[PDB]
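Working through the structure, step by step
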Amino acid sequence: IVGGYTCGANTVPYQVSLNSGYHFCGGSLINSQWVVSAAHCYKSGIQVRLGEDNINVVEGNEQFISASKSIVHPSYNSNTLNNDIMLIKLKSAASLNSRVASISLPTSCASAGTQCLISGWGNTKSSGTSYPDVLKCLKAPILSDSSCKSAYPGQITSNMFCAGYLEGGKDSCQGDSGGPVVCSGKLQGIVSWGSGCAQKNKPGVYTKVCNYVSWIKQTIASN
Ligand SMILES: COc1ccc(-c2ccc(C(=O)N[C@H](CO)C(C)(C)C)cc2C(=O)O)c(C(=O)Nc2ccc(C(=N)N)cc2)n1
Ligand SMILES: COc1ccc(-c2ccc(C(=O)N[C@H](CO)C(C)(C)C)cc2C(=O)O)c(C(=O)Nc2ccc(C(=N)N)cc2)n1
Ligand SMILES: [Ca+2]
């Protein structure tokens, strides 16, 4: 997260870190056994880390649970980036508590201009790299479809939206991928792609979760 702020420990209790001996992507807890992330974060050896603030220090509220299943959307396309969504099942159920809690799925899509909370442990600089110990947060609005398509001509599908700041300086970034965009208590987005980070006229692009609620529910019911 570039241009964000320190969230505060366990203030975003649905935020998970996907770990393979290091943090590589975010995710969002949606019930005690399932995490929503980005398809492009798929890999072997995933451990889900819940209850984290400082990802480099044991602080006492963590739960580390191996992924037993990783289910990428059936029509994910790694070229176009359409349908950049994956469901991860935990090998055993998390213990839900105040610091490890789920986020609601949308019942309807959010309007342009809706203010959302984006969070993660990704890079915090727009040039160069700095990776934070503690979770970072950014308030950012959803942009209009027209502004999004103007920013990325020919690239924006009905399963994507843009969010952020066209002046630059405030964006998600590498390592935030798979993590949440939460608006009025609903998981509306997944950190997906962009051009660099926090560049002028190049807002973040996010998977549009409201198109996937039936798929998510049916997938959880069958796996
Ligand atoms: C598929 O969609 C996107 C969208 C954006 C990026 C991206 C993000 C940040 C940056 C980047 O500029 N990140 C930091 C920001 O400070 C640097 C300091 C490393 C430049 C670069 C890229 C890129 O396009 O190469 C990427 C991206 O990083 N893709 C990528 C693909 C292949 C390799 C590899 N085999 N070496 C590495 C990286 N992918
Ligand atoms: C869509 O498919 C992919 C595939 C791979 C990447 C990617 C490439 C390199 C890396 C990366 O450089 N990872 C390092 C290790 O080299 C970390 C230390 C951040 C784990 C991260 C990512 C990522 O998924 O976030 C990314 C990727 O760069 N995504 C991304 C997400 C958001 C923005 C933005 N809002 N500005 C920019 C870029 N996207
Ligand atoms: Ca920790």
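Residues numbered from 1 in each chain as written, not as in the entry; some residues may be left out. Chains lettered and ligands numbered in written order. Heavy atoms only, no water.

Here's the deal with the UniProt feature "domain: Peptidase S1" in the protein chain
Convention followed: UniProt positions are given in the numbering used here, feature names are shortened, and annotations may be inferred rather than shown by experiment. Starting at the N terminus, helices and strands are each numbered in turn, a helix being any DSSP run of H or I of at least four residues and a strand any DSSP run of E of at least two.
Taking the numbering used here, the UniProt-annotated feature "domain: Peptidase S1" corresponds to residues 1–221. For residues 1–221, the end-to-end C-alpha separation is 33 Å, with 7% helix and 33% strand making up the annotated structure.

Comments concerning the site of ligand 2
Note the following rule: For this purpose, a residue is taken to be near a molecule or strand whenever a single non-hydrogen atom of the residue falls within 4 Å of it. Identification of polar contacts relies on pairs of N or O atoms within 3.5 Å, with a donor-acceptor requirement for protein atoms, meaning one able to donate a hydrogen and the other able to accept it, and with residues adjacent in sequence counted only if both atoms are side-chain atoms. Accessible surface area values rest on a Shrake-Rupley calculation with a 1.4 Å probe, where residue burial reflects the displayed protein chains alone.
Neighbouring residues of ligand 2: 17 residues in total, closest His40, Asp171, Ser172, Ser177 and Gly196. Contact distances for ligand 2 include 3.0 Å between a nitrogen atom and a side-chain N or O atom of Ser172. In the environment of ligand 2, a nitrogen atom lies 2.9 Å from a nitrogen or oxygen atom belonging to the backbone of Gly196. Relative to its unbound accessible area of 780 Å², ligand 2 is 69% covered by the protein chains. Only β3 (23–31) and β12 (186–193) provide two or more residues apiece to the shell around ligand 2. With three residues, the top contributor of residues to the shell around ligand 2 is β12.

Examining the environment of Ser98
Relative to the elements of secondary structure, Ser98 occurs in the loop between β7 (86–90) and β8 (115–120). Between the C-alpha atom of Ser98 and that of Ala67, which follows or precedes it by 31 residues, the distance is 22 Å.

Side note on unusual backbone geometry
Applied cut-off: Each residue is placed in one exposure class: buried if its accessible area under a 1.4 Å probe, protein chains only, is under 20% of its type's maximum, exposed if it is over 50%, and partly exposed if it falls in between.
Although it is not a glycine, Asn10 sits at a positive phi angle of roughly 60 degrees. Tracing the backbone through its elements, the reader meets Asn10 in the loop between β1 (5–6) and β2 (15–19). A positive phi angle is found at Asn201, which is not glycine, with a value near 65 degrees. With respect to the helices, strands and loops of the structure, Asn201 is situated in the loop between β12 and β13 (204–208). Classification of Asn201 by relative accessible area gives partly exposed; the value is 42%.

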